[PDB]
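One chain comes next, on its own, written as structure tokens: the form deposited without this ligand.
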């Protein structure tokens, strides 16, 4: 017999009329390319740019009847990646690329094998920086849906149709963890067929659901925003005579709370709508600012203090501290129930 690279030069050379610019089944039914991906790495999900970097193995399988040998005795013929300019390949691209590249270290990372009946496996390694629009209406408790979609570019729907295969169309690597998110195991697979004025082009896509990990935000920006509210409660257990204390406590807490509010959106996109970390800060702004306005009611009623009625005006000024010691730590707990039930329903 003869070696396969000399045998594949007979299948692809000047003889046999194989022309690599012409799709299989020409002037016939369209080419049914079936696809599946294998996610090696995932992550660096930025939100300022609203993008995420994935690192996939893109496998494509089609049928090319001109490559159907019957004399060489094997069942699969590998190609050198140097000879990948010699067969037809589908012009797949990603409709939200935002920059992508191959991997060409120590060899082009490309695989190509040809079965006997003409089935062609073609596996390459791609690094993508895909774009997904973030929806941050409920921000530490959101379930993002970042997608990726695989169109054709030169061939219309009556020449080339993409399909996901039925045998596990999206595999994920074995120990693929993410720092901030978790990747849910149910991955949607649906069509996204595009219509332009050039024609109608095929498109398949895969949705990935990325549920967050709330445990980070629960440590940096919910509990230190809950202690400073309790500092504003301890002004109530000091008498109406340490005026440099209860004012100075109602100033340093309400102005370290503004730093918490501005520091809550340090690395976020400047979205117009109000998000679920903003109706925690702008309500805990309100509790630490109502503790300062409580003392400004005490020291104003007390300075208004005729003997008999003003002894009750001092007693009116102590009756308001027998209420705000109980009202504020049991209205803030009513809000703390209406908040966490709202975002564990929506």
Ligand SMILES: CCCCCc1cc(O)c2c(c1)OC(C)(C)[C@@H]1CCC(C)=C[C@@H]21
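Numbering follows the first chain given and starts at 1. For the two forms, the rigid core is made up of the largest set of C-alpha atoms that agree within 1.5 Å on superposition.
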**Prompt:** Would you say residue 307 is missing from a third or more of the other compared entries?
**Reply:** yes
**Request:** Quick one: classify how much of the deposited chain lacks coordinates between residue 305 and residue 306, choosing none, 1 to 3, 4 to 9, or 10 or more.
**Result:** 10 or more
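Note that the form solved in complex with this ligand isn't included here; everything after this is about it.
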**Complete:** In this shown form the pocket that this ligand occupies in the deposited complex, once superposed onto the local C-alphas and checked for 3 or more atoms within 2.4 Å of backbone or C-beta atoms, is open
**Message:** My question is simply whether residue 55 lines the interface with this ligand in the deposited complex - judged by any non-hydrogen atom within 4.5 Å.
**Reply:** no
**Message:** Considering non-hydrogen atoms and a 4.5 Å limit, does this ligand approach residue 328 in the deposited complex?
**Reply:** yes
**Request:** Please check if residue 317 has a heavy atom lying within 4.5 Å of any heavy atom of this ligand in the deposited complex.
**Result:** no
**Message:** Is it the case that residue 333, even though its partner is missing from this view, gets within 4.5 Å of this ligand in the deposited complex, heavy atoms only?
**Reply:** no
**Fill in**
For this ligand in the deposited complex, the stretch among 43 to 51, 290 to 298, 66 to 74, 306 to 314 with residues bearing a heavy atom within 4.5 Å is 290 to 298
**Stretch 209 to 236: residues contacting this ligand in the deposited complex, 4.5 Å heavy atom cut-off** = none
**Request:** Superpose on the rigid core, then report which one of 173, 238, 274, 105 has a CA displacement of at least 2 angstroms between the shown form and the other one.
**Result:** 238
